[PDB]
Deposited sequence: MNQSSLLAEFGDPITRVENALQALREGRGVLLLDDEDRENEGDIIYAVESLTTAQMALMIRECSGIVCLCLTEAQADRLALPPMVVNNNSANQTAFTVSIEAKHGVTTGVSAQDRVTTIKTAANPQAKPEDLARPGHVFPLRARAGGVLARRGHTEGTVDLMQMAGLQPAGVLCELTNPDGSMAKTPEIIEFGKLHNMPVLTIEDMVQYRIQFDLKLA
């Protein structure tokens, strides 16, 4: 069972608290959603402390379709409508400071441009190679997605409410499952937690955000 495999990381409240602390230290975490949903684990990083080396690891070890989780307000500031009349907006590229936009450094530059609380729509070309996602108001208490988990995690840690995610992928191209996620987290010193963990945590610590 998954709850028994995660015991190693502590009880649910500890798993949340350890994840929040890692984010405050500028490290990444591994977030699993429900087993009966996608049953996938994403690498999560805070935008505020995002480095080229973190982005390189995400590209190397995950699907490479690296997403920027934004508040509805920030996506509205950037004039990012849904890509289609998972809440993908149109993809984005920094208008300045990048070349082709695909390199790890370029993606970070685009992400920081987009997440800047003083950003303007002209700051971003469209389309590009970073994929923004709109988190639902209410976070994981409204939608149990990694998108909401990501932004909720940043808010609960006291950070700017923007993060990046990408799905952990096995070398043979299949999606990592809990055993593989646990091993990856130990290898890279990243705490593991679930959306369930965050839901119980927010409810019991009566935590509106």
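Peer 1: Any chance you could give me the deposited-sequence numbering of all the stretches lacking C-alphas?
Peer 2: No C-alpha coordinates exist for 1, 87-93, 218.
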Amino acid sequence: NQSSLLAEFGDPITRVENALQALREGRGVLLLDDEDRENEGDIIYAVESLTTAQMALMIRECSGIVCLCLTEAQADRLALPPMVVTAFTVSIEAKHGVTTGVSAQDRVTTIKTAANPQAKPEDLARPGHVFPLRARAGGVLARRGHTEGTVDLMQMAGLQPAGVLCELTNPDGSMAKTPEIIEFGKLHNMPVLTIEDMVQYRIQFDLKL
From here on, numbers count along this sequence of modelled residues.
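For clarity, a rigid core is taken as the largest C-alpha set superposing within 1.5 Å between two forms.
Peer 1: Of the stretches 27-35 and 44-52, which sits farther from where it is here in 6 other deposited structures of this protein, on average over its Cα atoms, after fitting the core?
Peer 2: Between 27-35 and 44-52, greater C-alpha deviation in 6 other deposited structures of this protein belongs to 27-35.
Peer 1: Please check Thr109 against the other PDB entries of this protein that were compared: is it missing in at least a third of those that model both its neighbours?
Peer 2: Across the compared entries, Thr109 is modelled every time.
Peer 1: Among the other entries that model both neighbours of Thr86, does it go unmodelled in a third or more?
Peer 2: Counting only entries that model residues on both sides, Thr86 is unresolved in at least a third of them.
Peer 1: On mean Cα temperature factor in this entry, is 73-81 or 106-114 the higher one?
Peer 2: Per the deposited B-factors, the answer is 73-81.
Peer 1: Please work out which of 16-24 and 197-205 has the higher mean CA B-factor as recorded in the PDB entry.
Peer 2: The deposited B-factors put 197-205 ahead on the C-alpha mean.
Peer 1: I'd like to know which of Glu48, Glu167, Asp152, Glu183 has the highest C-alpha temperature factor in the PDB entry.
Peer 2: Answer for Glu48, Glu167, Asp152, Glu183: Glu48, with the highest C-alpha B-factor.
Peer 1: Can you tell me which third, lowest, middle or highest, the CA B-factor of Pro179 falls into for its chain?
Peer 2: Its C-alpha B-factor belongs to the highest third of this chain's values.
Peer 1: Test of reading the entry: by CA B factor among the chain's modelled residues, which third contains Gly138?
Peer 2: Highest third - that is where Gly138 ends up once the chain's C-alpha B-factors are sorted.
Peer 1: Among the modelled residues of this chain, does the Cα B factor of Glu148 put it in the lowest, middle or highest third?
Peer 2: Answer is middle: the recorded C-alpha B-factor places it there.
Peer 1: Grab the CA temperature factor for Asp42 from the record and place it in the lowest, middle or highest third of its chain.
Peer 2: Its C-alpha B-factor belongs to the lowest third of this chain's values.
Peer 1: Looking at the temperature factor on the CA atom of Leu159, which third of the chain's modelled residues does it land in?
Peer 2: Highest third - that is where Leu159 ends up once the chain's C-alpha B-factors are sorted.
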